[PDB]
Amino acid sequence: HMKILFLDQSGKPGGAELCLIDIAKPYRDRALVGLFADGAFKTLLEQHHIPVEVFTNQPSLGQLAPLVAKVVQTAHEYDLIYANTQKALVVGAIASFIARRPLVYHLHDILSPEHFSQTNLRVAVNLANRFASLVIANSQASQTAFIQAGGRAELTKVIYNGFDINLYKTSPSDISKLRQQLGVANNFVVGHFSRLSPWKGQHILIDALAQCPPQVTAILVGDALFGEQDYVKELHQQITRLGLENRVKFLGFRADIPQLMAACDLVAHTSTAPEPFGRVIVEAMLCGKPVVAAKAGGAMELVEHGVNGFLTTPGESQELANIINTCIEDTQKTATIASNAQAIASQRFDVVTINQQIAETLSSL
Amino acid sequence: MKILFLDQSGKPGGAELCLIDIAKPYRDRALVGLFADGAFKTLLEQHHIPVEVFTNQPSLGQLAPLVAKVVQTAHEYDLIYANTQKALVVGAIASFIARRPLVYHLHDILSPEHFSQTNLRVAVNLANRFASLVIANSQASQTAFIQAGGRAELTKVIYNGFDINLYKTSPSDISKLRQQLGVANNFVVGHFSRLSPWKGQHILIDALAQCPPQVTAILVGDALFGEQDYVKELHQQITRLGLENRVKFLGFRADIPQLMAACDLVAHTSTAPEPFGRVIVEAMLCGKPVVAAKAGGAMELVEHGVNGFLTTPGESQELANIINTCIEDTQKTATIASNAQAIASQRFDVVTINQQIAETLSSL
Ligand SMILES: O=c1ccn([C@@H]2O[C@H](COP(=O)(O)OP(=O)(O)O)[C@@H](O)[C@H]2O)c(=O)[nH]1
């Protein structure tokens, strides 16, 4: 009976947008996702039969502020506004006071003065504080940065991203055949699953690969973000510099991530800036793979070092080489760790459990 | 204290003209923001009141440019003073984001007969939640705000103010102006507004027909593009009743105080309730008898028989009765008119009104 108006600024399927697919699904017969840009995320939502619409600035409030006005008027036939990004929060907060509907802010970013303008930090935080009935944080790191930026602590609740655990299971044979098709059957494959961007640190994996035995190869899965083509150029040159051209594959964007992860021997998350929540980390754990992650942000809540994956100082390529080598030398311990990771991640990040937490939290408003 | 005034209109309506008086004592530390260019902008410039037009051309900068520019500007000021409905909507948004107190100066009767229920709900909700203070230009405005669901405890009535001494005209200018208009020997009923059906000129004209031949009327004001059918209807009405030599259209005039003084009665005959009859007060300050339609703000401005006359809206025979009373009891009439000047100078002196505003702002 509760109808939700979800709002997301981006027309591109980023992590938060992908998360929103899962959040919205149980509500598809009683929800709408309003976007502020068209794009492939719109396609996806349509694929999932999640009602979706694009809200633009195209022409009393109607003329003063078209976007806000459209949101306000849509909000009238909904019971709650669920804002999924920063700009959606700003617009959602205004819409909430005008349309007289409760607001939920789902926080997916680390609200950091280094990646957000102090302008937007103050505005986002103050709007949340005064108008959000609840701020869902995707991790404790996201939670504390919100608080540190002046966010009200008592408004927050941590709810992790949820995953359909059975999608991450692949047979040994499918693994073998895919590895052959990738020509890595006799390699130690380290997989990196991220859009190519400097803060994702693919260059760190490349430097580590320089200090690894020759059987170690890398697969970079993900396409280049608009404006990062300098970075992608730096990588190719970095690689050629190091003679690694035949030991690194750029697969570009891939939708078959679980299968590709299953073909790897280790999954590496090498971000140089604190990660709010690494989806790829949890995905790798669900695939039953050893995982190594930079020791900042949400990654520290996802992995316990030595138990269900490995943590390394961000930007330190040698430390990453050492974990890679330890995985190569300590076969048994590594398999155990990887098995632990599948069990713990299934318990913690099952979409069924996450959807229950979301439902409970929403109903308690 | 620096004040950011906001007003939706580029045209100098009553609210906009009132804002000139309001802003003058603060003009070295204020800005008026308009949501459209026009003559009002020119008038502000004439008075050295800093002015600026905010538009929607280009993170809120992209999402809502107009709002974003107001917010941004508002950071430089200590208070946002919204003078109209739309300025309230925008100003409330800007008020929390920039973190500045907001005042709403309500110049309108928020009637569900002249505003859609959404604009009423939105204005009332925003004011109730974000206004530190709602200034109403009259008890009529105040009570309509509250009947729409406005928070009564937020309201204070502050009337429009006038420069008292502008409404004083010598008997020699009066005689000379009556001579030039050719009304020296007439009982002159003046009507001072633009030609519009809601302003009720046709009412005065029907009353003229129930009046002795020495009663003439002067209609002072021009016509709007939109009310051209009305103008022709007036001329036809005048010819049909045989009043063509007892009505003079003077067109638009800047010397209103002087023309009021040349009248013997000033007639306010609007057909719809108004928040605050500027013309009624001006007639009082000119020391003239004034008859007004008994609705809206008029009712607060006049005590019937004491300092002017109130007549049922739309009723020309009542109006004619008043006009004939003025002709027959000249002494009672001159006393009423003298009473009018004294009470209006007391209640609507801009010096006093400015003090009420200043006091009211300092309590925030
Ligand atoms: O080629 C790719 C690369 C990534 N992803 C997905 O994109 C999301 C990236 O999320 P993450 O939280 O790891 O990155 P962020 O968006 O925080 O930078 C994950 O679900 C990945 O499985 C994908 O579908 N195809």
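Every chain is numbered from 1 and lettered A, B, ... according to where its sequence line falls, protein lines coming before strand lines. These numbers come from the heavy atoms of this one structure, side chains and all, not from hydrogens, waters or symmetry mates.
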Answer with yes or no after comparing the ring centroid distance for [X] and [Y] against a 6.0 Å cut-off, counting only values under it.
| X | Y | result |
| --- | --- | --- |
| A/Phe131 | B/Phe96 | yes |
| B/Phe5 | B/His105 | no |
| B/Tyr230 | B/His202 | yes |

Any donor-acceptor pair under 3.5 Å linking the side chain of [X] with the backbone of [Y]?
| X | Y | result |
| --- | --- | --- |
| B/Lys288 | B/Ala261 | yes |
| B/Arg246 | B/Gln214 | no |
| B/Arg99 | B/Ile97 | no |
| B/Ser95 | B/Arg100 | yes |
| B/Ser338 | B/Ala334 | no |
| B/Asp222 | B/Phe252 | no |
| B/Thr269 | B/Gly200 | yes |
| B/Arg29 | B/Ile3 | no |
| B/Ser111 | B/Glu113 | yes |
| B/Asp349 | B/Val351 | yes |

Which pair of non-hydrogen atoms, one from [X] and one from [Y], has the smallest distance, and what is that distance?
| X | Y | value |
| --- | --- | --- |
| B/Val71 | B/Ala94 | CG2-CA, 3.6 Å |
| B/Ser138 | B/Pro275 | OG-O, 2.7 Å |
| B/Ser316 | B/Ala207 | O-CB, 3.3 Å |
| B/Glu244 | B/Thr239 | OE1-CA, 3.9 Å |
| B/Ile164 | B/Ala344 | CD1-O, 4.5 Å |

Q) Could you go step by step and tell me if B/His191 and B/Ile218 meet the side-chain contact (heavy atoms from CB on, under 4.5 Å) rule? A) CA-CA 6 Å; B/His191 195 287; B/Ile218 65 176; over 6 Å; no
Under a plain distance cut-off of 3.5 Å, with no hydrogens placed, do [Y] and [X] share a side-chain donor-acceptor pair?
| X | Y | value |
| --- | --- | --- |
| B/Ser172 | B/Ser175 | no |
| B/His75 | B/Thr73 | no |
| B/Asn83 | B/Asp7 | yes |

For atom [atom1] of [X], is the number of surrounding heavy atoms from other residues, nucleotides or ligands below 6.0 Å larger than 12?
| X | atom1 | value |
| --- | --- | --- |
| B/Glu233 | CD | yes |
| B/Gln228 | CD | yes |
| B/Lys176 | NZ | no |
| B/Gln331 | CD | no |
| B/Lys11 | NZ | no |
| B/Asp28 | CG | yes |

Q: List the steps and the verdict of side chain to side chain donor-acceptor pair (under 3.5 Å) for B/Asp173 and B/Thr169.
A: CA-CA 7 Å; B/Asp173 284 9; B/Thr169 305; over 6 Å; no
Kindly indicate whether the side chain of [X], heavy atoms from C-beta on, has any atom under 4.5 Å from the side chain of [Y].
| X | Y | result |
| --- | --- | --- |
| B/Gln117 | B/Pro112 | yes |
| B/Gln237 | B/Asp206 | yes |
| B/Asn324 | B/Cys211 | yes |
| B/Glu318 | B/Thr312 | yes |
| B/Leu219 | B/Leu250 | no |
| B/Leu195 | B/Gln201 | yes |
| B/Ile353 | B/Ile158 | yes |
| B/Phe54 | B/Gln72 | no |

Q) Are B/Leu110 and B/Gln85 close enough, and set up right, to give a side-chain contact (heavy atoms from CB on, under 4.5 Å), and what steps lead you there? A) CA-CA 10 Å; B/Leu110 297 173; B/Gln85 283 203 40; 3.4 Å; yes
When the side chains of residues 17-27 of chain B are checked against the rest of the protein, which donor-acceptor pairs come out under 3.5 Å, sequence neighbours left out?
from: B/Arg27; atom 1: NH1; to: B/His47; atom 2: O; distance (Å): 2.8

(Q) Tell me whether the NZ or CZ atom of B/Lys2 lies within the 45° cone about the ring axis of B/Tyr77 and under 6.0 Å from its centre. (A) yes
**Q.** Six-ring centre of B/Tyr159, B/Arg347 cation under 6.0 angstrom, axis tolerance 45°
**A.** yes
Q.
If you apply the rule side chain to side chain donor-acceptor pair (under 3.5 Å), what do you find for A/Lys70 with A/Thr56, and how did you get there?
A. CA-CA 8 Å; A/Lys70 291 163 186 174; A/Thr56 70; 3.2 Å; yes
Q. Which distance, rounded to the nearest 0.5 Å, do you find between the NE2 of B/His235 and the CG of B/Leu243?
A. 13.5 Å
Q. Under the side-chain hydrogen bond (donor to acceptor under 3.5 Å, both in side chains) test, which residues partner B/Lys199, sequence neighbours left out?
A. B/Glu274
Q: Go through the structure and list residues passing side-chain hydrogen bond (donor to acceptor under 3.5 Å, both in side chains) with B/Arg151, not counting sequence neighbours.
A: B/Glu153
(Q) Using salt bridge (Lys or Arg N to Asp or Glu O under 4.0 Å), reason through B/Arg178 and B/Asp264 one step at a time and then give a plain yes or no. (A) CA-CA 11 Å; B/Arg178 283 171 64 96; B/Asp264 301 292; 2.9 Å; yes
Q: Evaluate the criterion ring-ring contact (aromatic ring centres under 6.0 Å, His included) for residue pair B/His268 and B/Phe192; output intermediate values, then yes/no.
A: CA-CA 8 Å; B/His268 173 269; B/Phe192 294 86; over 10 Å; no
Q: Please test B/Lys294 against B/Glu315 for side-chain contact (heavy atoms from CB on, under 4.5 Å), starting from the C-alpha separation and ending with a verdict.
A: CA-CA 10 Å; B/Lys294 190 160 80 173; B/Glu315 314 310 310; over 6 Å; no
Q: For the residue pair B/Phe276 and B/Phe348, categorise the inter-ring angle as parallel (less than 30°), tilted (30 to 60°) or perpendicular (more than 60°).
A: perpendicular
Q) In a check of side chain to side chain contact (heavy atoms under 4.5 Å, CB included) between B/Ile323 and each of B/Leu208, B/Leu204, B/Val291, which one passes? A) B/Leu204
**Q.** B/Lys41 and B/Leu34: CA distance, side-chain angles, deciding distance, side-chain contact (heavy atoms from CB on, under 4.5 Å) verdict
**A.** CA-CA 8 Å; B/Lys41 170 172 204 299; B/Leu34 305 174; 3.9 Å; yes
Q: Could you check B/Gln8, B/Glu16, B/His107 and say which one makes a side chain to side chain donor-acceptor pair (under 3.5 Å) with B/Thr84?
A: B/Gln8
